[PDB]
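Everything on this sheet refers to the single structure shown next.
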Amino acid sequence: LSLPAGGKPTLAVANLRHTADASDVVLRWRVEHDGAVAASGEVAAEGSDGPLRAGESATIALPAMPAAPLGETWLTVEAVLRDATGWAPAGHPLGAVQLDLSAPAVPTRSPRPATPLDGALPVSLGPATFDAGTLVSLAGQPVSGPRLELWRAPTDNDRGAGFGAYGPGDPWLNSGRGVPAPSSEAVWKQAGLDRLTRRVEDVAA
Amino acid sequence: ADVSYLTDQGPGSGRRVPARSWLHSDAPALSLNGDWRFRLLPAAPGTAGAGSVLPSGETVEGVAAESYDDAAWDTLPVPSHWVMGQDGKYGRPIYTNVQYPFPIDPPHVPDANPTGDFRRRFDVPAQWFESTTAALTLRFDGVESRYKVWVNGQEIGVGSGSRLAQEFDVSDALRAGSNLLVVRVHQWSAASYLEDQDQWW
Ligand SMILES: [Cl-]
Ligand code: NA
């Protein structure tokens, strides 16, 4: 998907199949304003002579889709099966693409950075309650935090050490085999990333 | 209330007596050893991360006062370690060899800092205030790690050097008859950086 300057959204389609044309596929599109459908439709996967042939590509101009003046506007196109097969239902998706059509963002205006004051800490702020500056509740429920975390439960890949690591060198060197190194998990545990401690330096109104 | 004593890198403060020998003298003396009133706090009062460590209404250093409600406090033998002989009631020993059990960020220590408050009432003979006595000395032969001392509500000083002796001049704080000694002891302090021996903490 692309939006040529002053143009309308343009969909590039390639049939990368070995033999079958795209007559079994329908291209469905929808535009959503902050996730709510604003418009939608269907087009066929057509080439220069009927259904787009195996190995053929085409480009199609979709309807104009002006941005919502507020919030985000997203176009989604999906290739789906027109008809059920023995193994999938009618409308089974094959793959999809999106394009951001949103009007230039209005970033919300954040509060000015403020100088700390002497004296008493607030005990409550909006939905939050604090006990000597420590969060104890949000919106009627007991809550603690926030607490910095650098640890994640190592994935099986995070635990692997067969290929080398890519960090220490140009990854294109050494046939892309990396540089011999311990697993991520090993270095994370050696650095104590799983057992960070929190020390309060200061608290101020 | 100033709790910079906890991270101070100096030798200790207050009414310090010049270092001398441990001697067998016939001077009048008494042992304050015995069962003292004790409580364990999880953090050092008055530090930025300990905003609600103390009971409602208690001031940062209100434990020093002669007017203090310690009725409900447990007792602990002195000398002892609070992490020994108590079936884990006040925590357990921690063994490291080389590694420090806290971040290497001198002179800062963790917020989780077991802090023991000790309160001891004792009697001093009227005769110790007669002109035959020049001064009254309070001696600690070993406290792990840093501690602050109050006598009859008056701050006497702060000690460091866990296996080193420290004497304080309590001539002006003591009285004949009944007296109060209050000692606040922190597990971790700036002194912990100087005390990384291969042994149990
Ligand atoms: Cl922590
Ligand atoms: Na050690």
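Residue numbering restarts at 1 for every chain of the structure tokens, chains are lettered A, B, ... in their displayed order, and ligands are numbered from 1 as they appear.
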query: Taking only C-alpha atoms into account, which residues of chain A are within 10 Å of chain B, as a PyMOL selection string?
result: chain A and resi 131-134+196-204
**Message:** Which residues are close to region 24-34 of chain A, i.e. within 7 Å by only C-alpha atoms, leaving aside same-chain residues fewer than 3 positions away? Reply as a PyMOL selection string.
**Reply:** chain A and resi 37-45+68+71-82
Next, write the just-selected residues to a file, as a JSON list (two decimals), in the first residue's frame, keeping C-alpha atoms as the atom set.
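Saved file out06.json follows:
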```json
[["chain", "number", "residue", "atom", "x", "y", "z"],
["A", 37, "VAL", "CA", -14.99, 1.17, 10.63],
["A", 38, "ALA", "CA", -15.70, 4.27, 8.55],
["A", 39, "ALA", "CA", -15.92, 2.70, 5.05],
["A", 40, "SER", "CA", -15.21, -0.70, 3.48],
["A", 41, "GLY", "CA", -15.35, -2.59, 0.21],
["A", 42, "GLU", "CA", -14.00, -5.36, -2.00],
["A", 43, "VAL", "CA", -11.99, -5.51, -5.21],
["A", 44, "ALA", "CA", -10.96, -8.45, -7.41],
["A", 45, "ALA", "CA", -7.40, -9.54, -8.02],
["A", 68, "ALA", "CA", -10.42, 11.93, 10.05],
["A", 71, "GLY", "CA", -7.44, 10.79, 15.86],
["A", 72, "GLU", "CA", -5.94, 8.13, 13.63],
["A", 73, "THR", "CA", -7.05, 6.76, 10.26],
["A", 74, "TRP", "CA", -5.89, 3.33, 9.11],
["A", 75, "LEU", "CA", -6.52, 1.42, 5.94],
["A", 76, "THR", "CA", -6.40, -2.41, 6.02],
["A", 77, "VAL", "CA", -6.46, -4.63, 2.91],
["A", 78, "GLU", "CA", -6.67, -8.46, 3.19],
["A", 79, "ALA", "CA", -6.61, -11.21, 0.58],
["A", 80, "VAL", "CA", -9.27, -13.78, 1.56],
["A", 81, "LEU", "CA", -10.69, -16.91, -0.04],
["A", 82, "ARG", "CA", -13.98, -16.36, -1.90]]
```
Practice problem: Produce as a list in words the set of residues near ligand 2, where near means within 9 Å with only C-alpha atoms and all ligand atoms considered. | Solution: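 Final answer, ordered by chain and number: residues 94, 95, 96, 97, 98, 99, 100, 101, 195, 196, 197, 198, 199, 200 and 201 of chain B.
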- With distances taken over only C-alpha atoms, which of B:192, B:160, B:166, B:131 is nearest to residue 12 (chain B)?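 The shortest atom-to-atom distance to residue 12 (chain B) comes from B:160.
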Leaving out region 16-28 of chain B and any residue of its chain fewer than 5 positions from it, which residues lie within 8 Å of it when counting only C-alpha atoms, given as a PyMOL selection string? chain B and resi 157+166-169
With distances taken over only C-alpha atoms and all ligand atoms, the candidate from A:118, A:149, A:49, A:156 nearest ligand 1 is A:149
